[PDB]
Amino acid sequence: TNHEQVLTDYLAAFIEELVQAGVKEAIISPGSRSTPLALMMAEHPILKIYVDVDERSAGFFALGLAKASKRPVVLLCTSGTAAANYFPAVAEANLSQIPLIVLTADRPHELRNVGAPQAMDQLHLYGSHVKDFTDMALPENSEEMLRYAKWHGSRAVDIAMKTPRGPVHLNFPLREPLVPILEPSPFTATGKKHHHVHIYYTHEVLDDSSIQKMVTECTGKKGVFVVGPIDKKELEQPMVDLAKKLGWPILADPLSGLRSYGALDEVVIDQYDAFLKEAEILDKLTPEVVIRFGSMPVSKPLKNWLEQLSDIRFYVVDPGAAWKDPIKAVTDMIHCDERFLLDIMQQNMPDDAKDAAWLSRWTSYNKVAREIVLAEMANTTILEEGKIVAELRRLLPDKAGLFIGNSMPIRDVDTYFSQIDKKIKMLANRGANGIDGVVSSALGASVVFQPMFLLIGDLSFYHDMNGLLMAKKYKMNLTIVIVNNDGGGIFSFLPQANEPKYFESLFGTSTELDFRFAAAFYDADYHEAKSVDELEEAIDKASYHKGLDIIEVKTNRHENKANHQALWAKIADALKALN
Amino acid sequence: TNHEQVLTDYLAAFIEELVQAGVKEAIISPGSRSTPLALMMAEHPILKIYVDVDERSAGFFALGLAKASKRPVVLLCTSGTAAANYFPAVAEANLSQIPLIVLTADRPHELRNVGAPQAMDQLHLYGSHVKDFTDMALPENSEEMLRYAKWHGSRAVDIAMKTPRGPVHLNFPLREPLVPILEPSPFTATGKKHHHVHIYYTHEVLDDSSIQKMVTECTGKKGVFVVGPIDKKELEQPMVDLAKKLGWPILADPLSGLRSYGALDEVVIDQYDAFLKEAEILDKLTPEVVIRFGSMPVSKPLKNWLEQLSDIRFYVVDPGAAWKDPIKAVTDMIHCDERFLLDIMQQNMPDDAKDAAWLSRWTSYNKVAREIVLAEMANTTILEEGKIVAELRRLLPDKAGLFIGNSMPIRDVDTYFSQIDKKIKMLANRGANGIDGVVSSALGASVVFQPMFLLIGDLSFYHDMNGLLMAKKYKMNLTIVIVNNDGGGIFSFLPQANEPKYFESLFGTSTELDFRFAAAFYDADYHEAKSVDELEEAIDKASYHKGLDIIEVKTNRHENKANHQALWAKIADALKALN
Amino acid sequence: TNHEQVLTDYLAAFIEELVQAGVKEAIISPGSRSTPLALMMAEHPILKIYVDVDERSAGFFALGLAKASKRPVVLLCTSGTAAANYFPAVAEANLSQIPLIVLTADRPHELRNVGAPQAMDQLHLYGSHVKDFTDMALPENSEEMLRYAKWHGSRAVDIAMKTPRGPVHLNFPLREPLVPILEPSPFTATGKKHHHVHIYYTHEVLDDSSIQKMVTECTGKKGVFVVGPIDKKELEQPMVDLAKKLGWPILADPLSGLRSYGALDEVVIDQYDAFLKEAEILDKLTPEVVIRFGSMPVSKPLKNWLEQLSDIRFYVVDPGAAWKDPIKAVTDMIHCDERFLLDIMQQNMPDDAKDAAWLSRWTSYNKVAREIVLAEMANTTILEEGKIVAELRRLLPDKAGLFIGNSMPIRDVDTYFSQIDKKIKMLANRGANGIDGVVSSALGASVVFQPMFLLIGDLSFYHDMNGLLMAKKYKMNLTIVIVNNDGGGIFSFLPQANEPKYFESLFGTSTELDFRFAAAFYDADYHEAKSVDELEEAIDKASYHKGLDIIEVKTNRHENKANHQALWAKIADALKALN
Ligand SMILES: Cc1ncc(C[n+]2csc(CCOP(=O)(O)OP(=O)(O)O)c2C)c(N)n1
Ligand SMILES: Cc1ncc(C[n+]2csc(CCOP(=O)(O)OP(=O)(O)O)c2C)c(N)n1
Ligand SMILES: Cc1ncc(C[n+]2csc(CCOP(=O)(O)OP(=O)(O)O)c2C)c(N)n1
Ligand SMILES: [Mg+2]
Ligand SMILES: [Mg+2]
Ligand SMILES: [Mg+2]
């Protein structure tokens, strides 16, 4: 009894502090060693629990939920290889700056590295892929240890939510017996117990000298904004307003939110991946200033171009000093909040240093290429990869969420998803660009945004098929469009597709999986879209179905390259003739 | 020749970027594998070089120089155990937030973990004791690799200087031949080469909602400032002004600069370590708000007291989110720049919510205890430990630097160094409180502050005796006062001094070293102070000697406890009788 | 009392098991957090204690003691940077396979990574430089925890003594109070307590098929033994006997023991470093089989030669699978005990497959070069570096220990120390070849071997001058010969000595230290040897002095290269003319 009471007081002070620090959800995996942490978080009247038996799927589920809500999400698993399954989501959360509080149970010291069953060295388990690691003490209920448990609870959340955000790992060695005292409840009916650690909201700010320096050096310059994947509060309207004020184009990634923030503007460029391939056009586009926001864009033609830009002022806005610059072209590094920098320029830059011909050159190429793409997709009935993205852009409701898988789906959105006057929250795992856990990440984001849709390739869908168990047992609403080209279509473009001897076994891995059976395994409505009218009917059915939908579109891998190169050629020819 | 030219271009782009990022000094240790980095930094016309053959002493030398100048200092050593000798200074720089750029040469990949001579695994050599680690590529002079070398040069300094500051480690695998091309020079006479990465000055700022919350909750409260070891720009006058505006006492550590910033004030409390021992007095001192600045103070009576303060608002100002709170008593954590918080309250707090009786209670106990200490030291001729500190407080010139060793010297400054109207820059290694490398740290700080003095115990002086070689070969000016009590006097107070069986062998380690010979080994003027007049004459001689001075004062270890407890009792008796 | 009794039972079970596992000595550094471990090891009636206040010197002291006695030696230090000072000795013990049991005290969990005084992250402190790491639990005296403490005590020693031997690290978080119960004694007067874990002696053995394979492929081959630094039991006579049986030369490093095992033989080659420089001679020396023992030899001419040997069978004997092969020339890797392989060939190889002309070619070049060196040193009166080694070879008593420093001293022994019919145990730190801690390592080895001598350069002597404090307080007997060339003489041979602009500041670091004062600081008899007769008289005085002796010989750095190249030329000319 004394042992169980110590175990209860120790974890109650830690769990209550997680809730008071802003944790609302906890994704738990079943286990015997994690029993005291799992039971008490379920007993907590505010913490919402999601139980996932696949630890790999559970990690990405919590990852998507945190990525969509900007909220710190708790993960719990038992000792052993269950904690090793968190590594893909932890590495992705570290490179994408997602606040995951990873709690892993462990054997006590007497059962560590002694060959005990379900025992594993978990000290610094994730290496440098967490912002901080803590090996908690064995449960003690003394005054200093109860305040030590609350201290680490507030510290874990604060370090995870501190810019640059990222995952934190806490290891809990737990000694048997493992059943705490839940009656009476350890969170409620405990008077004179509140001792919350309030954390104040802070943000980084440029000096007055730094502000004057950049305002002076950016006035009257032919500048270009490059906004890659970035998910901060708002920021979509302030970026457009500053670009209108300066007359600068915004090379906007699909994941920047600028292609679908609810309105149309004349500064967002969404065809750069297309026309930056043309050499005869880059002459008139050479800028003097480049100001980067967020991560690096998916566009590889946007890369290379920025890589060869010589004798320019290349600003990079990096609030956390993460130093994400894969081209190493940075000339001026800025470590301040993006919202602050946008406002501080909005009311300091001159209101009339706008070379109209500069923005006219970018918007001309962009709007001409934009309509050639929309023309080729409107006049086709073959449901090619680009057509799937085009019809999604047309059929998605306002205030809808769209999770985009890596590989071809994210690159096809960059090519075939122009700016539209609807609010579409777009997410993707762009830390390591892994095809793993995409289904769970979308399901976690479906807790926040509704209606939620997922554009994903076939290989990636198989990878995290287990995620769908969360959709089945929690009655979740998600519409999954599978671009089943039966293998890896990303490898038809890369130069390995010309050697046919070992292709289709090392790269284009054919699966021949009938996803209709997988849709039945997870209680999902299945539709095979063979025509444009069928794909429509399926999407319209998915809105009237509050549940899991799967819309498979079989495409041809060996025809993608020709379709994309035919479109890119028609764009280059038209833009070459422009004066 | 092509190999040597590649080696020259690669390192020149890296070294020039370190200089342009603010590096002015480089402490180098001799070695064959570090040849190309050592020769090129010496060839650089701006980088100043200090050569130290003891790598342990070299690390602490650079540590003191960075700690005194707020400048990022480069360390260079060769492959092998030479890099292992950096670990004490690196661990101290990490816990004390000092920007050290640790560069360690290494064997190329073909000579790594193959039993090669002077080869050692140096990947993540310092573990979590560096903010970042980089294993540089083998030298390449391609366009991308030359920009990669400059990129890491600017990144290393920026990450090290970014709050919370700390050391960074870069490993350089270097392949033979190792002699670069210095004629013509690779830094000058190289046109169209400037591509510096300018970093802008940023700082953290509280939100408007956070400012309003704290101003409201601190108005009219019986608050107390606790300023431990902190070395930021200025901050000494703003703290006193805010405390005068609010009527709050400042429990000021010696290393906070508030005991010697050039003026006298009526809010700094420098006797708390004395009177917080008395139980009958703490009744009238119980506060409602505690606002902490800097690290944790050396005073252990200031600890315990703050540890048992219940039902208070315990603010902790932590610009880097380092979470330094060994008592875990934090109620409100603040992650903003200290200067910003001081100003934002200076002009938001009410100018008239001052309970005069509150500050009167603290200053009464402080000024009475302050004069009892000064009376006991003025009326004594025995050169006890407290008397040495007292006479230093009287004889030090204005705008002088005083490095204080750990163990008893730092605690005797806290007891016997009241606030004085002189500007005395006080430093100490308070990250891990190691008695190692204190001499080198003082010598590094002597490059910045002059005249420089060092109060150090005998065991600590022996520990880093090799540091004095830097003073001999570089004609450095430092006056070292050795409190030779022949062992560890810190262990006479702790409860291990009552068992005499194994004492004097495990704790009070007698050395019987005649430091007169050590002073001759390093070309230093030696003085043995036996009386107060002799200690004076020696200090006055040290100012007229531009060089190294060593003033030894032999004290009795077994009489320290009685002297300190007699003084503390006379203070407690007087303050008990106060109404 | 209950807390102190738990602390006593916990550590007593651990310390007693270290003693029963073969630990006889413990090198302790003073500290407050290490109080319970330090007091109890002193209380133990079998464990011998050495107290060293320099943790860096303490590590190398224990390193030398373990390297000389083949016994596992315990290190103890307090929490903080004191444990960081162990890193050079730990890295050297890992690369040289020395069984060090590194015990570091630590703060309890509530004081870990919270900014506590003298606190430092010590989890995996030494990274990959230890064979194993253990973070011990807080003291508990339950039945399972007392057996857990004994378990780790037996496991630490066993893992450290297991081939390949190496250091192990155990971290002890200790909570106050820290004073255990020593009266009554916790080791004696404790009936029904013996539960020792006996470890049986095991060794690796080749299969019958592996034995038949190598005996067949080595019969009648022109083979060569290469024995680098190796310190196993005996092995000196078995190697010579097998080489006599096969007719194979033994290219023997000075640290192989084959140049001074008590007798003269006709198979040990000690001039290879000299004559392998000559190109016209290597023609007749090309072998078919190379069998390597121990580490890689210091000779760089022995390197390169073995590196370009093509189409040979290069065997490497590696009992621990450490894979020490810096030339990567291995063709047949053998993971068995050296003694077993020597015997198994001694009685399986044919007794008559000896090409007399093969061994005659090696011994001819060796004996001619050997006498040219001895002639040049016998006919000179200038006390050059080679002459110092020559006179040491003549004046050292039988059954004497000689510690050799790195840099030039070890290379001068390889050149000027021919095989002699005296038993001279030669040691050196050849893991990383660091010039640090050489004095302490020699002093630790002086506990085992007597009389002990140390040949060391001036820079290396200064590096670990603090080691001499152990000689002063423990009345140790060691005769130190300092080859003071006032800087780094190793850099006059390397190709950096032709650029005089930055030489003598980066490589030849002149110190101008009068080591006579350092000898007085440590109560040592000092002699300056200016002639050959003076160096003799000093050595003869050192045998009649039971204590610390220091014999300084000032040499010229800028004349070493010419002296060595003149000798090497006279050898090459004579050996070129040989038929
Ligand atoms: C976890 C993971 N495994 C492997 C890869 C390598 N990879 C990149 S794209 C790709 C093909 C994925 O195919 P699919 O999801 O069907 O996309 P599409 O066919 O539309 O290109 C693979 C295996 C990866 N990025 N992440
Ligand atoms: C590197 C290091 N080793 C050991 C310790 C443990 N320690 C703390 S205080 C102390 C005594 C130092 O003695 P000294 O410098 O002479 O001071 P005083 O006698 O004035 O107390 C020791 C060994 C430490 N803090 N750092
Ligand atoms: C700890 C360490 N620091 C630096 C080096 C680089 N190093 C190799 S040899 C040498 C010179 C040492 O000089 P000394 O001991 O006087 O030898 P000698 O002059 O006889 O060559 C140095 C600094 C090293 N091997 N180990
Ligand atoms: Mg696919
Ligand atoms: Mg002392
Ligand atoms: Mg020398």
# chains A, B, ... in the order shown; residues from 1 in each chain; ligands from 1
>>> interface_residues(of="chain C", to="chain B", cutoff="7 Å", atoms="only C-alpha atoms", output="PDB file with N, CA, C and O atoms, in the first residue's frame")
ATOM      1  N   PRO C  30      40.186  13.758  -3.820  1.00  0.00           N
ATOM      2  CA  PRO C  30      39.354  14.295  -2.739  1.00  0.00           C
ATOM      3  C   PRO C  30      38.094  14.962  -3.263  1.00  0.00           C
ATOM      4  O   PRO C  30      38.090  15.607  -4.316  1.00  0.00           O
ATOM      5  N   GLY C  31      37.017  14.802  -2.507  1.00  0.00           N
ATOM      6  CA  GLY C  31      35.757  15.421  -2.866  1.00  0.00           C
ATOM      7  C   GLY C  31      34.716  15.146  -1.803  1.00  0.00           C
ATOM      8  O   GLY C  31      34.843  14.217  -0.999  1.00  0.00           O
ATOM      9  N   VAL C  51      46.054   8.728  -2.697  1.00  0.00           N
ATOM     10  CA  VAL C  51      45.259   9.944  -2.837  1.00  0.00           C
ATOM     11  C   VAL C  51      46.011  10.927  -3.723  1.00  0.00           C
ATOM     12  O   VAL C  51      47.113  11.374  -3.379  1.00  0.00           O
ATOM     13  N   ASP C  54      45.228  15.860  -8.277  1.00  0.00           N
ATOM     14  CA  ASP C  54      45.075  16.140  -9.701  1.00  0.00           C
ATOM     15  C   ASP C  54      44.417  14.924 -10.343  1.00  0.00           C
ATOM     16  O   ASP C  54      45.038  13.862 -10.449  1.00  0.00           O
ATOM     17  N   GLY C  80      31.344  16.345 -11.054  1.00  0.00           N
ATOM     18  CA  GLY C  80      31.780  17.561 -11.702  1.00  0.00           C
ATOM     19  C   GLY C  80      32.964  17.350 -12.622  1.00  0.00           C
ATOM     20  O   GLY C  80      33.260  16.240 -13.073  1.00  0.00           O
ATOM     21  N   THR C  81      33.667  18.456 -12.886  1.00  0.00           N
ATOM     22  CA  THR C  81      34.773  18.429 -13.836  1.00  0.00           C
ATOM     23  C   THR C  81      35.886  17.480 -13.415  1.00  0.00           C
ATOM     24  O   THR C  81      36.715  17.114 -14.256  1.00  0.00           O
ATOM     25  N   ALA C  84      35.801  14.764 -15.641  1.00  0.00           N
ATOM     26  CA  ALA C  84      36.217  15.092 -17.000  1.00  0.00           C
ATOM     27  C   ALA C  84      37.726  14.972 -17.164  1.00  0.00           C
ATOM     28  O   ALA C  84      38.209  14.721 -18.276  1.00  0.00           O
ATOM     29  N   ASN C  85      38.483  15.149 -16.076  1.00  0.00           N
ATOM     30  CA  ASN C  85      39.935  15.029 -16.114  1.00  0.00           C
ATOM     31  C   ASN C  85      40.401  13.596 -16.321  1.00  0.00           C
ATOM     32  O   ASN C  85      41.579  13.386 -16.636  1.00  0.00           O
ATOM     33  N   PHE C  87      39.337  11.745 -18.736  1.00  0.00           N
ATOM     34  CA  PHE C  87      39.167  11.374 -20.138  1.00  0.00           C
ATOM     35  C   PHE C  87      40.476  11.036 -20.845  1.00  0.00           C
ATOM     36  O   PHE C  87      40.495  10.041 -21.591  1.00  0.00           O
ATOM     37  N   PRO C  88      41.578  11.780 -20.676  1.00  0.00           N
ATOM     38  CA  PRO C  88      42.820  11.379 -21.362  1.00  0.00           C
ATOM     39  C   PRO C  88      43.306   9.992 -20.974  1.00  0.00           C
ATOM     40  O   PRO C  88      43.685   9.206 -21.852  1.00  0.00           O
ATOM     41  N   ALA C  91      40.802   7.278 -22.457  1.00  0.00           N
ATOM     42  CA  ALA C  91      41.014   7.062 -23.884  1.00  0.00           C
ATOM     43  C   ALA C  91      42.292   6.276 -24.137  1.00  0.00           C
ATOM     44  O   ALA C  91      42.336   5.411 -25.020  1.00  0.00           O
ATOM     45  N   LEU C 111      19.125  16.424  -8.234  1.00  0.00           N
ATOM     46  CA  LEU C 111      20.137  17.450  -8.457  1.00  0.00           C
ATOM     47  C   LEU C 111      20.842  17.296  -9.801  1.00  0.00           C
ATOM     48  O   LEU C 111      21.919  17.868 -10.001  1.00  0.00           O
ATOM     49  N   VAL C 114      19.850  20.447 -13.191  1.00  0.00           N
ATOM     50  CA  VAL C 114      18.961  21.433 -12.588  1.00  0.00           C
ATOM     51  C   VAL C 114      19.781  22.637 -12.142  1.00  0.00           C
ATOM     52  O   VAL C 114      19.300  23.479 -11.376  1.00  0.00           O
ATOM     53  N   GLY C 115      21.025  22.724 -12.607  1.00  0.00           N
ATOM     54  CA  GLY C 115      21.884  23.825 -12.212  1.00  0.00           C
ATOM     55  C   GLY C 115      22.425  23.733 -10.802  1.00  0.00           C
ATOM     56  O   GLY C 115      22.763  24.761 -10.207  1.00  0.00           O
ATOM     57  N   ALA C 116      22.519  22.525 -10.251  1.00  0.00           N
ATOM     58  CA  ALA C 116      23.029  22.349  -8.902  1.00  0.00           C
ATOM     59  C   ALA C 116      24.542  22.575  -8.864  1.00  0.00           C
ATOM     60  O   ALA C 116      25.239  22.354  -9.858  1.00  0.00           O
ATOM     61  N   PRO C 117      25.075  23.019  -7.727  1.00  0.00           N
ATOM     62  CA  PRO C 117      26.523  23.244  -7.640  1.00  0.00           C
ATOM     63  C   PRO C 117      27.300  21.941  -7.767  1.00  0.00           C
ATOM     64  O   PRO C 117      26.912  20.907  -7.218  1.00  0.00           O
ATOM     65  N   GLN C 118      28.405  22.007  -8.512  1.00  0.00           N
ATOM     66  CA  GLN C 118      29.283  20.862  -8.757  1.00  0.00           C
ATOM     67  C   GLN C 118      28.534  19.690  -9.386  1.00  0.00           C
ATOM     68  O   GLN C 118      28.887  18.526  -9.179  1.00  0.00           O
ATOM     69  N   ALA C 119      27.498  19.987 -10.164  1.00  0.00           N
ATOM     70  CA  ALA C 119      26.720  18.973 -10.858  1.00  0.00           C
ATOM     71  C   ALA C 119      27.020  19.023 -12.350  1.00  0.00           C
ATOM     72  O   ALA C 119      27.273  20.090 -12.915  1.00  0.00           O
ATOM     73  N   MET C 120      26.974  17.855 -12.983  1.00  0.00           N
ATOM     74  CA  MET C 120      27.363  17.712 -14.377  1.00  0.00           C
ATOM     75  C   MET C 120      26.757  16.429 -14.922  1.00  0.00           C
ATOM     76  O   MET C 120      26.708  15.417 -14.218  1.00  0.00           O
ATOM     77  N   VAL C 179      28.014  10.425   5.046  1.00  0.00           N
ATOM     78  CA  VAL C 179      28.944   9.802   5.989  1.00  0.00           C
ATOM     79  C   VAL C 179      28.397   8.423   6.338  1.00  0.00           C
ATOM     80  O   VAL C 179      27.319   8.331   6.951  1.00  0.00           O
ATOM     81  N   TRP C 323      41.033  -5.220 -34.134  1.00  0.00           N
ATOM     82  CA  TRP C 323      41.275  -4.804 -35.516  1.00  0.00           C
ATOM     83  C   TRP C 323      42.193  -3.582 -35.585  1.00  0.00           C
ATOM     84  O   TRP C 323      41.848  -2.532 -36.133  1.00  0.00           O
ATOM     85  N   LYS C 324      43.388  -3.750 -35.027  1.00  0.00           N
ATOM     86  CA  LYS C 324      44.434  -2.734 -35.079  1.00  0.00           C
ATOM     87  C   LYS C 324      45.335  -3.059 -36.266  1.00  0.00           C
ATOM     88  O   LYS C 324      46.243  -3.888 -36.168  1.00  0.00           O
ATOM     89  N   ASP C 325      45.070  -2.403 -37.391  1.00  0.00           N
ATOM     90  CA  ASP C 325      45.814  -2.633 -38.630  1.00  0.00           C
ATOM     91  C   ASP C 325      45.802  -1.341 -39.430  1.00  0.00           C
ATOM     92  O   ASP C 325      45.067  -1.203 -40.414  1.00  0.00           O
ATOM     93  N   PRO C 326      46.614  -0.358 -39.029  1.00  0.00           N
ATOM     94  CA  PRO C 326      46.555   0.962 -39.677  1.00  0.00           C
ATOM     95  C   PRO C 326      46.953   0.957 -41.141  1.00  0.00           C
ATOM     96  O   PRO C 326      46.652   1.926 -41.845  1.00  0.00           O
ATOM     97  N   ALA C 432      47.282   6.309 -27.723  1.00  0.00           N
ATOM     98  CA  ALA C 432      47.159   7.534 -28.496  1.00  0.00           C
ATOM     99  C   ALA C 432      48.472   8.293 -28.624  1.00  0.00           C
ATOM    100  O   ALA C 432      48.495   9.345 -29.273  1.00  0.00           O
ATOM    101  N   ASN C 433      49.559   7.793 -28.030  1.00  0.00           N
ATOM    102  CA  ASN C 433      50.874   8.436 -28.104  1.00  0.00           C
ATOM    103  C   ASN C 433      50.824   9.869 -27.579  1.00  0.00           C
ATOM    104  O   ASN C 433      51.388  10.787 -28.177  1.00  0.00           O
ATOM    105  N   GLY C 434      50.140  10.065 -26.454  1.00  0.00           N
ATOM    106  CA  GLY C 434      50.032  11.383 -25.854  1.00  0.00           C
ATOM    107  C   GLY C 434      51.227  11.700 -24.967  1.00  0.00           C
ATOM    108  O   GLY C 434      51.743  10.837 -24.261  1.00  0.00           O
ATOM    109  N   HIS C 463      54.181  18.741 -18.942  1.00  0.00           N
ATOM    110  CA  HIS C 463      52.760  18.457 -19.105  1.00  0.00           C
ATOM    111  C   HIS C 463      52.182  17.818 -17.850  1.00  0.00           C
ATOM    112  O   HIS C 463      51.110  18.203 -17.377  1.00  0.00           O
ATOM    113  N   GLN C 496      57.787  20.339 -41.731  1.00  0.00           N
ATOM    114  CA  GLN C 496      57.387  21.687 -41.350  1.00  0.00           C
ATOM    115  C   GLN C 496      58.552  22.528 -40.841  1.00  0.00           C
ATOM    116  O   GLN C 496      58.363  23.717 -40.564  1.00  0.00           O
ATOM    117  N   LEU C 506      54.727  27.539 -33.278  1.00  0.00           N
ATOM    118  CA  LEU C 506      53.665  26.552 -33.405  1.00  0.00           C
ATOM    119  C   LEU C 506      54.133  25.129 -33.150  1.00  0.00           C
ATOM    120  O   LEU C 506      53.326  24.292 -32.737  1.00  0.00           O
ATOM    121  N   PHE C 507      55.413  24.828 -33.381  1.00  0.00           N
ATOM    122  CA  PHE C 507      55.914  23.463 -33.241  1.00  0.00           C
ATOM    123  C   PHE C 507      57.031  23.390 -32.208  1.00  0.00           C
ATOM    124  O   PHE C 507      56.847  22.762 -31.163  1.00  0.00           O
ATOM    125  N   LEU C 513      62.255  26.928 -19.245  1.00  0.00           N
ATOM    126  CA  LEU C 513      61.981  26.551 -17.866  1.00  0.00           C
ATOM    127  C   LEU C 513      63.233  25.954 -17.235  1.00  0.00           C
ATOM    128  O   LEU C 513      63.831  25.024 -17.786  1.00  0.00           O
ATOM    129  N   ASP C 514      63.625  26.488 -16.080  1.00  0.00           N
ATOM    130  CA  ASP C 514      64.773  25.966 -15.341  1.00  0.00           C
ATOM    131  C   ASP C 514      64.266  24.843 -14.445  1.00  0.00           C
ATOM    132  O   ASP C 514      63.812  25.074 -13.323  1.00  0.00           O
ATOM    133  N   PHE C 517      64.408  24.308 -10.508  1.00  0.00           N
ATOM    134  CA  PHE C 517      63.419  24.790  -9.547  1.00  0.00           C
ATOM    135  C   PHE C 517      62.270  23.801  -9.396  1.00  0.00           C
ATOM    136  O   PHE C 517      61.750  23.610  -8.290  1.00  0.00           O
ATOM    137  N   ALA C 518      61.856  23.165 -10.494  1.00  0.00           N
ATOM    138  CA  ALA C 518      60.808  22.155 -10.403  1.00  0.00           C
ATOM    139  C   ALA C 518      61.273  20.960  -9.582  1.00  0.00           C
ATOM    140  O   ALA C 518      60.495  20.383  -8.814  1.00  0.00           O
ATOM    141  N   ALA C 520      63.351  21.140  -7.103  1.00  0.00           N
ATOM    142  CA  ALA C 520      63.290  21.557  -5.706  1.00  0.00           C
ATOM    143  C   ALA C 520      61.860  21.590  -5.186  1.00  0.00           C
ATOM    144  O   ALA C 520      61.629  21.335  -3.998  1.00  0.00           O
ATOM    145  N   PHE C 521      60.894  21.899  -6.052  1.00  0.00           N
ATOM    146  CA  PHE C 521      59.509  21.988  -5.610  1.00  0.00           C
ATOM    147  C   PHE C 521      58.999  20.639  -5.129  1.00  0.00           C
ATOM    148  O   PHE C 521      58.122  20.581  -4.260  1.00  0.00           O
TER     149      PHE C 521
END
>>> residues_around(residues="segment 192-203 of chain A", least_positions_apart="6", cutoff="7 Å", atoms="only C-alpha atoms", output="list in words")
residues 17, 20, 154 and 337 of chain A; 204, 205, 206, 207, 210, 330, 331, 332, 333, 334, 335 and 336 of chain B
>>> atom_distance(atom1="atom CA of residue 8 of chain A", atom2="atom CA of residue 33 of chain A")
14.7 Å
>>> residues_around(residues="residue 230 of chain A", least_positions_apart="3", cutoff="12 Å", atoms="only C-alpha atoms", output="CSV table (one decimal) with C-alpha atoms, in the first residue's frame")
chain,number,residue,atom,x,y,z
A,67,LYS,CA,1.4,19.3,-36.4
A,68,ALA,CA,-2.3,20.3,-36.9
A,96,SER,CA,9.9,19.4,-38.6
A,97,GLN,CA,9.8,21.0,-35.1
A,98,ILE,CA,6.8,19.3,-33.6
A,226,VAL,CA,10.6,32.3,-51.1
A,227,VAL,CA,8.2,30.7,-48.7
A,233,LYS,CA,-0.2,31.3,-36.8
A,234,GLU,CA,-1.7,33.3,-39.7
A,235,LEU,CA,1.2,34.8,-41.6
A,236,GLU,CA,-0.5,34.2,-44.9
A,252,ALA,CA,5.1,29.9,-52.6
A,253,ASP,CA,5.3,26.2,-51.7
A,254,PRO,CA,2.0,24.3,-51.5
A,255,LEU,CA,2.7,23.8,-47.8
A,256,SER,CA,3.1,27.5,-47.2
A,257,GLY,CA,-0.6,28.0,-47.1
A,258,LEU,CA,-0.4,30.9,-49.6
A,292,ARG,CA,13.4,32.9,-47.4
A,293,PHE,CA,10.7,31.8,-45.0
A,294,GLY,CA,10.1,28.4,-43.6
A,295,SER,CA,11.7,25.1,-44.7
A,296,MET,CA,13.2,24.5,-48.1
A,297,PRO,CA,10.6,24.1,-50.9
A,317,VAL,CA,14.5,33.8,-41.6
A,318,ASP,CA,15.2,31.2,-39.0
A,319,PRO,CA,13.5,31.8,-35.6
A,338,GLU,CA,8.5,35.7,-38.7
A,425,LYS,CA,-5.0,23.6,-44.7
A,426,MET,CA,-2.2,21.5,-46.3
A,427,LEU,CA,0.1,19.3,-44.3
A,428,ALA,CA,2.9,16.9,-45.1
A,429,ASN,CA,5.9,15.2,-43.4
A,430,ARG,CA,8.7,17.3,-44.8
A,431,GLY,CA,11.3,16.7,-42.1
>>> select_by_dssp(residues="segment 486-576 of chain B", states="helix (DSSP H, G or I)", output="PyMOL selection string")
chain B and resi 489-492+495-498+515-521+532-544+557-576
